[PDB]
Amino acid sequence: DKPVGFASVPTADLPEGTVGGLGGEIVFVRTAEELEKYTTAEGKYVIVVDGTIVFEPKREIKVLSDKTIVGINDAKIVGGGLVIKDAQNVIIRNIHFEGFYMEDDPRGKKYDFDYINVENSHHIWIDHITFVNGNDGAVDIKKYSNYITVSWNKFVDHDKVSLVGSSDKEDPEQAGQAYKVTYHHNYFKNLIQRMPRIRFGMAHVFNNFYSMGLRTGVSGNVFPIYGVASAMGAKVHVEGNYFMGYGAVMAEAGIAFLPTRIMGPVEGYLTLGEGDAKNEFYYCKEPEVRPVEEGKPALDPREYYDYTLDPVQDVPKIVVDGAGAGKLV
Amino acid sequence: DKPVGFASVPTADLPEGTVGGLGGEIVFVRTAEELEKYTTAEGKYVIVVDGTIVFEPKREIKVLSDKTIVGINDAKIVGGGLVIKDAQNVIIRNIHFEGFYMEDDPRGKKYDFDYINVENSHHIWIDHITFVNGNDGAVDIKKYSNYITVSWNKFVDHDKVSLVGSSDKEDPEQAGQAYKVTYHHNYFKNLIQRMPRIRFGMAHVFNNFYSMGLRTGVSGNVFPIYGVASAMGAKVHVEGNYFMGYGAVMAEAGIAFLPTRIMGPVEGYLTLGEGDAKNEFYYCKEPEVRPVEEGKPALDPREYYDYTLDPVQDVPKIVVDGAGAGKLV
Amino acid sequence: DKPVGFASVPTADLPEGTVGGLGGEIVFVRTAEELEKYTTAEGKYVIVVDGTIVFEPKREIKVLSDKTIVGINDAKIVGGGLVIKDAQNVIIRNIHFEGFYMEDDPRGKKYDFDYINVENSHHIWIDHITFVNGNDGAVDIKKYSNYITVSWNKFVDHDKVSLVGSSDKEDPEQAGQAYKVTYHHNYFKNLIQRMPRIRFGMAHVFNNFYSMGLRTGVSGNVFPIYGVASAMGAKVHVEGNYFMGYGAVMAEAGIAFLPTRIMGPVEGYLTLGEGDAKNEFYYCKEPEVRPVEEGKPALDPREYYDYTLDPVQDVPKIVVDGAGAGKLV
Ligand SMILES: O=C(O)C1=C[C@H](O)[C@@H](O)[C@@H](O[C@@H]2[C@H](O)[C@@H](O)[C@@H](O[C@@H]3[C@H](O)[C@@H](O)[C@@H](O)O[C@@H]3C(=O)O)O[C@@H]2C(=O)O)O1
Ligand SMILES: O=C(O)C1=C[C@H](O)[C@@H](O)[C@@H](O[C@@H]2[C@H](O)[C@@H](O)[C@@H](O[C@@H]3[C@H](O)[C@@H](O)[C@@H](O)O[C@@H]3C(=O)O)O[C@@H]2C(=O)O)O1
Ligand SMILES: O=C(O)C1=C[C@H](O)[C@@H](O)[C@@H](O[C@@H]2[C@H](O)[C@@H](O)[C@@H](O[C@@H]3[C@H](O)[C@@H](O)[C@@H](O)O[C@@H]3C(=O)O)O[C@@H]2C(=O)O)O1
């Protein structure tokens, strides 16, 4: 009912952090035209997606401020995505996104279809969504967006999962102050990269289940490459996550998922939880780390918000049981 | 109608070897409660499983001596397994086991669910069963069990297939005299390990078809590792089996299924058939062998029972055509 | 409506090149017996396959000269193939072949079932067909066959795709003058080898989409090995084709699809298009080449027929949208 993490952080005009269209007008939508009518409307709306909505032609629609998009009756958006642009205060929950896969574009480099594309927007909660094999990104977060929680989603069979900050060339000061994102209790399943890949900002990645089997049926990237990456001086803390790679034969040949990655050209920072906050890694390469200061978590999310960490051994069952669309009441 | 191999070996009270509930009372079961009522009953029963039986919650049920559990009408046990404990003389045939896979436990190390778990039991025939992707073991054989035939089953998409002897620390004399198991005419399909893995005892592995493709859709072990393993001084003979691994590209990179494996800490023994009893290996590593004495089969099953060996080139078609549930009349 | 490439080349008795049963008698067939009645009939026939035709037992049927075999209503030939032998002037279009896979023969070396087997025949057009995981070949071209176009087909999940010339021991002069084959606008999807593999003759391979993901569910060859191969002094030109292999992890371990291959024992020749006729390669090894003469295309198809080359970047979408059965009107 309320987000945990960066989406919950209060501002002047959003005293309770992200609340979407709370207090607004309730509308049920059953077609792409109806959905787009209300996501592009001005004002508070709770937009209830009832069942399957097919976008033909495939396309993305804009979403303005103060919206809740909530699915019921196994809500599906098929061949459609949401661009949240120059906006704030949007909640998206309990919908299954599928149908952006373009078999003529197996590396997701032509069509640019993202299921959720957040551009210069802040206070956004993406929760209890299932995303299945899209084209380009599943949830991308760009152009100085900020204060995002991506929680309890299930991402399946998808290559480039979540890019946070799309350009090495953005303003170091401004970008360093944006891109504050929390990823927690997500079920990441047979995915390839960017979970998240973050430039500049701050990422708290906790209590997610990474179940990295192969992406079959397709060409392009069949084997999972890496989970979390920290680039362009980002501050990332990764704790209490459970990583399972793709097995003993491959690991013995020196081929294995990389749980955390430092990337450049200006290296990011990233630390791991330890002790009660440790991650677990099975069939993985050794995680890459780079602290801001020896013995300190590169990010202290307790400076920004409260949260409780589940013991890592409990994470698989909690995440399988709870994550993705069709589980919320 | 009668087992071949170690299940058929006569004792004082079992003059015809394994016969299950022959002569006993015939009962049809259509629920988990009814099945458990009769598998835990004292006395002779022929228990006919008619159609699908779902176990919610998932769980294993005990089976006592002198039972036949036989499926009809595409019998399925879903999310349930059978523990045959401190017992003897049990036949299980023509049932499809599925539904023990636990996606929060991709290495099968938490829940401990076995489709068939044989503990301190002997004279057990497991025949014409299909087992699909369980949790821990498909057919495990533990705690000094003995005189088992596992024949004409189809095992599919499963990681840890059949463990025979669960502890390096069992009594060398006692364990050396137990765990006499014959595995024949099984269709082993996209499986990872232990086909069987045996400690201490004696394993005759003949005329099985190993079709080792990838286990997809899952994390953990995606690539088949090894077929038969002989550990703790076990005596294993492997003859007339057809092994097909997962292809030229992998084999050329030095990555390939290992058909037979010697394991420790006290090394087992294992020999191959040759000439008319040879195995065939395609896309495999060279099999590991270790004879008890130069030029002798580490086990001579003709000292214990009669059998006829199919020519290895005939094994794929015979096994595909005949193995698994839903083929017996 | 008319072939492009070698099938269109005029002869004395075939002034318009391949036209199949144009002008002949139209017949609708709905059973394997009816189909075989007409493919083995003498004379001109347009044979319209309406819906699914199942061959039990699985088998191949002969097709004589001057035939059009054309599917409607999602036409399927299941467990059947066509042998075009000592014949000419045959068109096959808009049918889905499936059901030759033999799981007891994962390397396709026992049963010898080909979906289309062209023997000592010429002027054959194979167009808008979908072929799914057969046994041995999908389209083999043998025994001095000649003047073939294989265009706009979709080949899926199949190991040994198209062998052109089955013997190193055929007559160098005669074979050098036969096996003139054009492969264009085919969607090659999760296939293993021979796309085509050609001995002796001349192959023009243009504007095909190679989407080389894994062949899962099966043992044998799970990883795609190589696309086009030129053997026994064949003359092959490969231009405007788009190759996508199976990803970064494998490529970084030195494991990757080989787009073009020179094979012996007498090496073939093969050249690539460049500039406006270039191919694209992603996640592939470097293509093998061997020109007849420095700076010349090993084959100049403009000496034999006219064609227009699509820009390679357009090929994936054109081929996905247009290739395979069920798309022709
Ligand atoms: O079911 C078990 O958890 C189990 C039962 C065994 O009796 C015990 O020895 C132990 O199995 C080990 C290992 O822990 C298990 O993970 C598995 O390892 C295989 C393979 O044998 C290894 O060489 C390596 O490649 O890792 C593999 C893997 O599955 O990750 O099996 C061994 C074994 O002894 O058989 O756990
Ligand atoms: O259909 C056949 O059985 C067949 C037809 C060929 O004309 C003949 O040369 C021969 O094919 C060989 C080989 O036997 C076959 O197995 C296959 O090999 C590939 C690959 O080319 C090899 O480099 C190696 O990687 O193994 C592969 C494999 O499939 O296991 O194809 C070659 C060939 O010449 O093309 O059999
Ligand atoms: O969506 C994109 O096209 C894209 C967005 C990134 O912000 C940009 O840096 C760039 O991504 C590169 C690379 O081009 C892309 O292909 C991918 O590469 C991965 C992996 O990171 C590499 O180490 C290598 O293994 O190749 C992989 C692959 O997917 O082929 O991602 C990198 C990146 O920076 O994250 O394109």
Side-chain angles (χ1 to χ4, degrees), chain B residues 209 211 213 242 244-249 280 282-283 313-314 316-317 320-321, chain C residues 32 54-63 76-85 92 95-121 124 126 129-145 148 150 153-170 179 181 183 186 188-199 215 217-229 231 261 263:
Chain B
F209 175 33
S211 177
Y242 187 103
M244 173 69 56
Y246 42 78
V249 166
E280 311 257 73
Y282 300 99
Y283 307 124
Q313 261 307 153
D314 290 348
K317 182 191 164 55
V320 170
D321 282 355
Chain C
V54 175
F55 290 66
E56 271 307 315
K58 291 177 168 69
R59 66 190 183 269
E60 308 185 7
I61 60 174
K62 224 152 112 151
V63 185
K76 296 189 189 166
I77 292 164
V78 175
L82 306 174
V83 185
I84 309 169
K85 180 189 171 175
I92 300 150
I95 294 164
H96 179 108
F97 285 85
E98 185 154 358
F100 262 161
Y101 189 64
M102 298 296 296
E103 58 191 297
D104 61 310
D105 179 22
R107 283 177 68 198
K109 288 169 89 285
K110 163 172 182 193
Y111 290 95
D112 249 71
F113 293 141
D114 286 352
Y115 290 130
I116 296 180
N117 176 358
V118 184
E119 299 195 312
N120 186 31
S121 306
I124 292 117
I126 294 165
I129 303 308
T130 296
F131 303 89
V132 179
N133 196 24
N135 172 236
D136 188 9
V139 175
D140 286 346
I141 293 172
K142 314 186 239 148
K143 264 139 158 186
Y144 310 90
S145 290
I148 314 292
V150 172
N153 306 297
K154 179 175 177 176
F155 294 83
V156 187
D157 292 344
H158 184 88
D159 181 348
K160 305 188 275 175
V161 176
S162 187
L163 179 76
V164 177
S166 63
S167 182
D168 290 336
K169 290 161 210 166
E170 292 186 337
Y179 299 125
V181 298
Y183 282 72
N186 292 295
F188 285 125
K189 197 188 194 304
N190 311 343
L191 310 180
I192 300 305
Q193 56 192 311
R194 312 181 180 181
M195 317 176 208
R197 181 203 197 292
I198 177 169
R199 288 180 166 99
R215 225 185 122 229
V218 291
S219 63
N221 280 308
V222 171
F223 283 71
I225 303 166
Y226 77 82
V228 187
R261 185 174 177 186
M263 306 178 71

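These values consider heavy atoms only, across backbone and side chains, with no hydrogens, waters or symmetry-generated copies. Just so it is clear: chains get the letters A, B, ... in the order the sequence lines come, proteins before strands, and each one is counted from 1.
Heavy-atom minimum distance, B:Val249 versus C:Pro224: CG2-O, 3.4 Å. Residues C:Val222 and C:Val218 come closest through the heavy atom pair CG2-O, 3.6 Å. For the pair C:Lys143 and C:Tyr179, the tightest heavy-atom approach, listed with the atom from each and the gap, is N-OH, 3.1 Å.
To the nearest 0.5 Å, atom CD of residue C:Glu119 and atom OG of residue C:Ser145 are 7.0 Å apart. Rounding to the nearest 0.5 Å gives a distance of 12.0 Å between OG of C:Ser162 and CD of C:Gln193. For the atom pair CE of C:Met195 and CZ of C:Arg261, the computed distance is 11.5 Å after rounding to the nearest 0.5 Å. Remark: C:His96 NE2 to C:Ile77 CD1 distance equals 11.0 Å, nearest 0.5 Å. Rounding to the nearest 0.5 Å places CG of B:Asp314 at 10.5 Å from CG of C:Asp104. Rounded to the nearest 0.5 angstrom, C:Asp157 CG and C:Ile192 CD1 are separated by 9.0 Å.
Side-chain contact between C:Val150 and C:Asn186 is present, with at least one heavy-atom pair separated by less than 4.5 Å. Residues B:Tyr283 and C:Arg107 form a side-chain contact, since some pair of their non-hydrogen atoms from C-beta on lies under 4.5 Å apart.
For the side-chain contact (heavy atoms from CB on, under 4.5 Å) test, residues two or more places apart in sequence or in another chain that qualify with C:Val63 are C:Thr39, C:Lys67, C:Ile69, C:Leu82, C:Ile84, C:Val90. With sequence neighbours excluded, no residue satisfies side chain to side chain donor-acceptor pair (under 3.5 Å) with B:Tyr246. Under the rule for a ring pair (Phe, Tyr, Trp, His ring centres under 6.0 Å), the partners of C:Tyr115 that lie at least two apart in sequence or sit in another chain are C:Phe97, C:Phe100. Qualifying salt bridge (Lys or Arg N to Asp or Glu O under 4.0 Å) partners for C:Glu98, counting only residues two or more places apart in sequence or in other chains: none. By the side-chain contact (heavy atoms from CB on, under 4.5 Å) test, B:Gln313 pairs with B:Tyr242, B:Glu280, B:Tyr282, sequence neighbours left out. Legend: residues meeting side chain to side chain donor-acceptor pair (under 3.5 Å) with C:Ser219, ordered by chain and number and at least two apart, are B:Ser211. The salt bridge (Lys or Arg N to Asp or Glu O under 4.0 Å) test applied to C:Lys76 returns no partner, not counting sequence neighbours. By the side-chain contact (heavy atoms from CB on, under 4.5 Å) test, C:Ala231 is found to be paired with C:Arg197, C:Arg199, C:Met263, residues two or more places apart in sequence or in another chain being considered. Residues forming a side chain to side chain donor-acceptor pair (under 3.5 Å) with C:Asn120 (at least two apart in sequence, or on another chain): C:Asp86. Applying the salt bridge (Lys or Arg N to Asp or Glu O under 4.0 Å) rule to B:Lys317 yields the partners B:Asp321; only residues at least two apart in sequence or on another chain are considered. The side-chain contact (heavy atoms from CB on, under 4.5 Å) check on C:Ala32 picks up C:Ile53, C:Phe55, C:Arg59, with sequence neighbours excluded.
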Donor-acceptor list for residues 130-141 of chain C side chains, cut-off 3.5 Å, not counting sequence neighbours:
| residue | atom | partner | partner atom | Å |
| --- | --- | --- | --- | --- |
| C:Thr130 | OG1 | C:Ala325 | N | 3.0 |
| C:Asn133 | OD1 | C:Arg215 | NH2 | 3.0 |
| C:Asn135 | OD1 | C:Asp112 | N | 3.1 |
| C:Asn135 | OD1 | C:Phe113 | N | 3.0 |
| C:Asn135 | ND2 | C:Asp105 | OD2 | 3.1 |
| C:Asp136 | OD1 | C:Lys160 | NZ | 3.1 |
| C:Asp140 | OD1 | C:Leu163 | N | 2.9 |

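Within a 6.0 Å radius of NZ in C:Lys110, more than 12 heavy atoms belonging to other residues, nucleotides or ligands are found.
In this structure, C:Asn117 contributes its side chain and C:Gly81 its backbone to no donor-acceptor pair below 3.5 Å.
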